[PDB]
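Visitor: First to last, the protein sequences are chains B and V.
With my numbering, letter number 14 in the first sequence gets 23, and the count goes up by one each step, no holes.
With my numbering, letter number 158 in the second sequence gets 167, and the count goes up by one each step, no holes.
Beta carbons: idealized from backbone N, C-alpha and C, even for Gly.
2 protein chains.
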Amino acid sequence: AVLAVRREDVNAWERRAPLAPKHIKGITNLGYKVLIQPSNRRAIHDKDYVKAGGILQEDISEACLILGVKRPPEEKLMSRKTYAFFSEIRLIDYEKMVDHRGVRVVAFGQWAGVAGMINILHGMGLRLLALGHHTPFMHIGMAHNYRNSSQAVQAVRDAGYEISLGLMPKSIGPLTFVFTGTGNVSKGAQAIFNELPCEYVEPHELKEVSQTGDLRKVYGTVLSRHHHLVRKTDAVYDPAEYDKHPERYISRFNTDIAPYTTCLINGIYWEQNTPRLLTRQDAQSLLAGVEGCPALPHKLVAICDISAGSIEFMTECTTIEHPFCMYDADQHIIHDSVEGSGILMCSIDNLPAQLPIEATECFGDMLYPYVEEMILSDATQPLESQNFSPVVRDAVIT
Amino acid sequence: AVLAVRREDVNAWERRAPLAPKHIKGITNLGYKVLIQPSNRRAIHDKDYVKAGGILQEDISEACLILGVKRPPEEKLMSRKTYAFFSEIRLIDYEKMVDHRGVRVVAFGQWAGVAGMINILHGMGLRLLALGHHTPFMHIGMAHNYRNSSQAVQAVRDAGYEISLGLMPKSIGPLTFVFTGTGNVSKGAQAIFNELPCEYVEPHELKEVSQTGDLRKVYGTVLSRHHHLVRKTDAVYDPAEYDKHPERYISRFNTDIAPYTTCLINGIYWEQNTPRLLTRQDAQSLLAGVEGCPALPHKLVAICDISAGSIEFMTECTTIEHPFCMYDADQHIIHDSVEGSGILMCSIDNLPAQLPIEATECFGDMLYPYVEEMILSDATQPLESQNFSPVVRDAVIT
Numbered sequence: 010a011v012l013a014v015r016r017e018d019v020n021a022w023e024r025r026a027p028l029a030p031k032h033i034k035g036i037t038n039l040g041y042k043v044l045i046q047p048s049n050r051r052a053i054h055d056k057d058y059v060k061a062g063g064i065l066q067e068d069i070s071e072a073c074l075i076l077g078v079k080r081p082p083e084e085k086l087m088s089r090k091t092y093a094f095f096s097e098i099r100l101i102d103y104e105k106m107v108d109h110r111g112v113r114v115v116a117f118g119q120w121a122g123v124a125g126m127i128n129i130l131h132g133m134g135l136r137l138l139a140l141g142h143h144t145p146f147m148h149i150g151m152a153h154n155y156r157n158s159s160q161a162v163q164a165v166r167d168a169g170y171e172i173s174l175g176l177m178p179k180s181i182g183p184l185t186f187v188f189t190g191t192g193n194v195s196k197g198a199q200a201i202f203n204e205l206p207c208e209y210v211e212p213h214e215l216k217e218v219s220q221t222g223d224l225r226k227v228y229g230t231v232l233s234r235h236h237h238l239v240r241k242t243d244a245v246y247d248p249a250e251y252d253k254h255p256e257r258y259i260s261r262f263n264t265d266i267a268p269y270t271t272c273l274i275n276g277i278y279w280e281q282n283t284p285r286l287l288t289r290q291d292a293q294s295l296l297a298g299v300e301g302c303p304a305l306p307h308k309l310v311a312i313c314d315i316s317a318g319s320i321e322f323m324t325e326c327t328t329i330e331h332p333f334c335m336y337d338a339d340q341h342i343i344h345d346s347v348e349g350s351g352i353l354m355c356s357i358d359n360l361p362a363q364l365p366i367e368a369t370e371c372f373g374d375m376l377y378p379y380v381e382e383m384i385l386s387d388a389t390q391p392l393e394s395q396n397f398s399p400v401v402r403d404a405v406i407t
Numbered sequence: 010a011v012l013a014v015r016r017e018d019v020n021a022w023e024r025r026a027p028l029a030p031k032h033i034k035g036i037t038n039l040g041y042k043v044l045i046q047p048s049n050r051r052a053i054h055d056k057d058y059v060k061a062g063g064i065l066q067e068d069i070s071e072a073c074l075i076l077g078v079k080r081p082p083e084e085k086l087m088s089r090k091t092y093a094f095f096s097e098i099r100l101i102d103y104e105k106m107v108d109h110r111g112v113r114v115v116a117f118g119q120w121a122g123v124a125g126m127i128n129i130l131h132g133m134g135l136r137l138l139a140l141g142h143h144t145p146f147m148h149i150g151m152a153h154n155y156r157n158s159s160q161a162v163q164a165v166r167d168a169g170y171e172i173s174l175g176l177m178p179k180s181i182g183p184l185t186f187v188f189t190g191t192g193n194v195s196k197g198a199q200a201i202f203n204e205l206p207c208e209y210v211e212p213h214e215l216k217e218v219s220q221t222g223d224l225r226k227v228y229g230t231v232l233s234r235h236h237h238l239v240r241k242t243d244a245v246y247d248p249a250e251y252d253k254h255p256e257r258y259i260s261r262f263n264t265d266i267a268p269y270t271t272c273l274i275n276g277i278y279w280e281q282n283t284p285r286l287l288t289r290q291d292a293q294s295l296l297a298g299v300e301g302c303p304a305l306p307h308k309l310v311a312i313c314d315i316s317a318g319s320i321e322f323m324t325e326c327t328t329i330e331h332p333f334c335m336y337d338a339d340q341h342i343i344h345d346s347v348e349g350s351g352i353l354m355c356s357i358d359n360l361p362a363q364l365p366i367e368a369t370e371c372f373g374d375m376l377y378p379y380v381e382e383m384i385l386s387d388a389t390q391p392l393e394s395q396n397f398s399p400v401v402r403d404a405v406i407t
């Protein structure tokens, strides 16, 4: 009954771990031995795991359970072990772990939305500067440039102060931020947004707010289903019918919301037959004063996907290293650019890795209650004789 | 006698101005009318110039003196005016303005070194992560990601705290920073460095310090002439002779200092016949443990030029938008990269533009005493009848 946390070697930016030091201290308090494979790549230092009770050791052959974040290289797999990561060995997949209602019980929580909102604010500063406008958004870095969300929140506060002081350029007009989805990632992105001088309005007020809104505030709206979903046949919205039959519905976001949106934070988790927020034809419609102080070429400036479908023209993803691309009027995707015409787009598949300490502590909190039954399992013995809960059992891939 | 501050249209990153609001208030207190051409690109907002007493006006035909930072487009030049910028019209060039000893009296001071040191610390974090090592340097953004040097200093303090807590990876070993030059840009880069847990040592101690130095500190050294300059014939250093005859001297930096240097901050202003710090052959010599915690491939990780010659293989410059490049073992320069083998290099020609408010206030402080004689000048009348000081007179290009 020995547990090991393997070293991540997926990519250079995988700095997360499946368990935090406080979780290792709890496991060692229960009487279980924990081996920690040394890793300079981890955002949490090896000495903090040692202080919690873990043993720093390269050879993890003694452990029967090996916990990692991402896939291990196939050659590094040890036979007759139980492995858990994101994908005679028993393999447990975190993403398959669900409760009796089917909701995932082990994830990174809101941190992808927190990181995504910082990134898009940073990207909006660069994009607006490329258009000729210095804004306080120039004073927000990328999410991974901050030690944690607290230090990032202070930077968002400071840029919010500049906006409330009236330091935004008057000619670009009011800024409107639209949040979609009901998951925890949308709550995380809204948490960062609430640190600005924000005012929340209903979707139907965007048309007026986008024109006459106060320039010392930013404006936000939370898009619910009933605001934009209509039946294909007669534009009716029925909550019960849409849940059972989403294929009968379309979205009027492209005409009712999109033209009045400066920045779209898309957190919708796309499912089968769910209507799309924007199509390629919508992008062409959306992309259709003084020399020193020009107006924006288009109202829509940026789109940030934090769900990692809804946006048909967003067929490619960006990375932490190259966070932004432009979708131009010729339907071309220009990678690692904020220049030219078009919409700034950000779609990073591992957002929580930009805030890896808080992402590790959140992931470990969710995983911790299922750890003990994993340690006591035996990969050589049949699955049916293991004392698993349905959460762990149904997550076994082998 | 009307003064105008034109709008900068050089590039998107030219956010500086030749005069700050406090300077405009002084000029208006003297009784002079100041026109401010509106600019969303300026880091200091138009309303702060209005509050100081300036008049926001696109047409600046009334002014006889037009102050800008960089070159104006040739078509925008107005005849029979006096212009001052960096390069029947009279043209004054800031760089030509010198005192009786020949020292420049109008410049951006230390701010290029302040910005350059932040950039290189940010670049070292990315480069070390690419090598497999998470370090606190990941929590320092680019200079232009900070509102001012105060907000940047706080981020350097916070990363310094992490280093003093022991969060650096042990396998990369001690970090040594070498500062060259005696100008104000070197003082600015040292000012940022002093916010880390630093200890200064003599150049001869680098050999030992680079091996056994405390890993909860960073180490710095200031390189003076007598540390590395030797006569070609007999390796003698004579201060008076080197000043008169630098062509008789060479630098032993490549063998005595370079092998023990983690990061070189080059502030030397290169002059005719001054010996080079490093050559192309030196780079080949410099580029000639556990799997989880490897050692550095080479001791030298990064070089940042803040002087904008000394380093023969640094034949190309980087930009604010693409700050870093790699010089590999094949003598190739890989732009916009921190990956692969080689030395990380940063050489931005307009560093102070990354801290444009403080750079503007510094530049304006130096320019302010010469402004009044420029306003009272007449570009149509002969230069010899103008009441100029030698500083302004000798700076006229026409």
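What are the start and end residues of each continuous alpha helix (DSSP H) run of 4 or more residues lying completely inside the region 252-303 of chain B, in chain order?
Guide: Fully enclosed alpha helix (DSSP H) runs of 4 or longer: 262-265, 289-295.
Visitor: Give the interface partners of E67 of chain B over in chain V, defined as CB-CB distance under 9 Å, in chain order.
Guide: Chain V residues near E67 of chain B: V299, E300, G301.
Visitor: Mind checking who residue 6 of chain V pairs with in its DSSP beta bridge?
Guide: The question about residue 6 of chain V has no answer here: the residues shown for chain V are numbered 10 through 407.
Visitor: Less than 8 Å between CB atoms is the rule here; does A52 of chain V satisfy it with respect to chain B?
Guide: Cβ-Cβ to chain B under 8 Å: yes for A52 of chain V.
Visitor: Just checking, does the region 91-109 of chain V make contact with the region 273-292 of chain V on the three C-beta pairs under 8 Å criterion?
Guide: No, they do not touch.
Visitor: Name, please, each residue of chain B whose Cβ falls closer than 7 Å to the Cβ of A368 of chain V.
Guide: Within 7 Å Cβ-Cβ: nothing; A368 of chain V doesn't reach chain B, min ~14 Å.
Visitor: For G63 of chain B, I'd like the list of residues in its chain whose CB is within less than 6 Å of its CB, leaving aside the five on either flank, ordered along the chain.
Guide: These residues qualify, in order along the chain: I33, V43, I45.
Visitor: Just mark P212 of chain V as buried or exposed, buried being the case when its beta carbon has 16 or more other beta carbons within 10 Å.
Guide: Buried, because 16 or more other Cβ atoms sit within 10 Å of the Cβ of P212 of chain V.
Visitor: Would you report the Cα separation of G122 of chain V and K60 of chain V, rounded to the nearest angstrom?
Guide: Straight-line Cα distance between these residues: approximately 31 Å.
Visitor: Consult DSSP for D55 of chain B and reduce its assignment to one of helix, strand or coil.
Guide: Looking at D55 of chain B - three-state DSSP - the assignment turns out to be helix.
Visitor: Are the CB atoms of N275 of chain B and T189 of chain B nearer to each other than 8 Å?
Guide: Going by C-beta atoms, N275 of chain B is nearer than 8 Å to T189 of chain B.
Visitor: For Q220 of chain V, is the classification buried or exposed, using 16 other Cβ atoms within 10 angstroms of its Cβ as the cut-off for buried?
Guide: Exposed, by the Cβ-count rule.
Visitor: Going by the beta-carbon positions, is the gap between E97 of chain V and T389 of chain V smaller than 8 Å?
Guide: For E97 of chain V and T389 of chain V, yes; Cβs fall inside 8 Å.
Visitor: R110 of chain V: buried (16+ other C-beta within 10 angstroms of its C-beta) or exposed?
Guide: So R110 of chain V ends up on the exposed side.
Visitor: Given a threshold of 16 other Cβ atoms within 10 Å of its Cβ, counted over all protein chains shown, does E217 of chain B qualify as buried or as exposed?
Guide: Exposed, because fewer than 16 other Cβ atoms sit within 10 Å of the Cβ of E217 of chain B.
Visitor: Mark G40 of chain B as exposed unless 16 or more other C-beta atoms lie within 10 angstroms of its C-beta, in which case mark it buried.
Guide: It is exposed - the Cβ of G40 of chain B has fewer than 16 other Cβ atoms within 10 Å.
Visitor: Taking 7 Å as the limit between beta carbons, can you name the residues of its chain near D337 of chain V, skipping five residues before and five after?
Guide: Answer for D337 of chain V: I343, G349, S350, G351, listed in chain order.
Visitor: Identify, in the order they occur along the chain, each residue of the same chain with its Cβ nearer than 6 Å to the Cβ of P361 of chain V, setting aside the five sequence neighbours on each side.
Guide: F117, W120, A121, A368, listed in sequence order.
Visitor: When you compare the region 229-243 of chain V with the region 257-277 of chain V, are there three or more beta-carbon pairs, one atom per stretch, that lie closer than 8 Å?
Guide: Touching, yes.
Visitor: Would you list, in sequence order, the uninterrupted alpha helix (DSSP H) runs of no fewer than 4 residues that lie entirely inside the region 102-148 of chain V?
Guide: Correct list: 120-139.
Visitor: Among all the DSSP beta bridges, which residues are the ones paired with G229 of chain V?
Guide: The partner list for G229 of chain V (beta bridge, DSSP) reads V:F186, V:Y209.
Visitor: Looking at the strands, I want to know which residues DSSP matches up with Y92 of chain V.
Guide: V:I75, V:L100, per the DSSP bridge assignment.
Visitor: Give me the Cβ distance between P332 of chain B and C355 of chain B, rounded to the nearest whole Å; I'm assuming they're in contact under 8 Å.
Guide: Confirmed, about 6 Å.
Visitor: Which whole-angstrom value is the C-beta distance of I149 of chain V and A168 of chain V, which I expect to be below 8 Å?
Guide: At roughly 5 Å, the Cβ-Cβ gap stays under 8 Å, so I149 of chain V and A168 of chain V are in contact.
Visitor: Pull the bridge partners of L39 of chain B from the DSSP assignment, please.
Guide: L39 of chain B pairs with nothing; no bridge assigned.
Visitor: Thinking C-alpha only, which one of V:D387, V:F372, V:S394 is nearest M106 of chain V?
Guide: Checking every option, the nearest Cα to that of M106 of chain V belongs to V:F372.
Visitor: Quick one: list the residues of chain V neighbouring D167 of chain B, beta-carbon separation under 8 Å, in chain order.
Guide: The answer, in chain order, is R156, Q160.
Visitor: I want to know whether the region 172-185 of chain B touches the region 61-81 of chain V - three or more CB-CB distances under 8 Å.
Guide: Touching, no, given that fewer than three Cβ pairs across the two stretches are closer than 8 Å.
Visitor: What do you reckon, are the CB atoms on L76 of chain V and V14 of chain V nearer than 8 Å?
Guide: Yes.
Visitor: With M375 of chain B as the anchor, note down where its alpha helix (DSSP H) starts and where it stops.
Guide: Where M375 of chain B is concerned, the enclosing alpha helix (DSSP H) stretches over 365-376.
Visitor: May I ask which residues mark the beginning and end of the alpha helix (DSSP H) holding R402 of chain V?
Guide: Unbroken alpha helix (DSSP H) run through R402 of chain V: 399-402.
Visitor: Taking 8 Å as the threshold (beta carbon to beta carbon), is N128 of chain V in contact with chain B?
Guide: No, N128 of chain V lies away from the interface with chain B (no Cβ there is under 8 Å from its Cβ).
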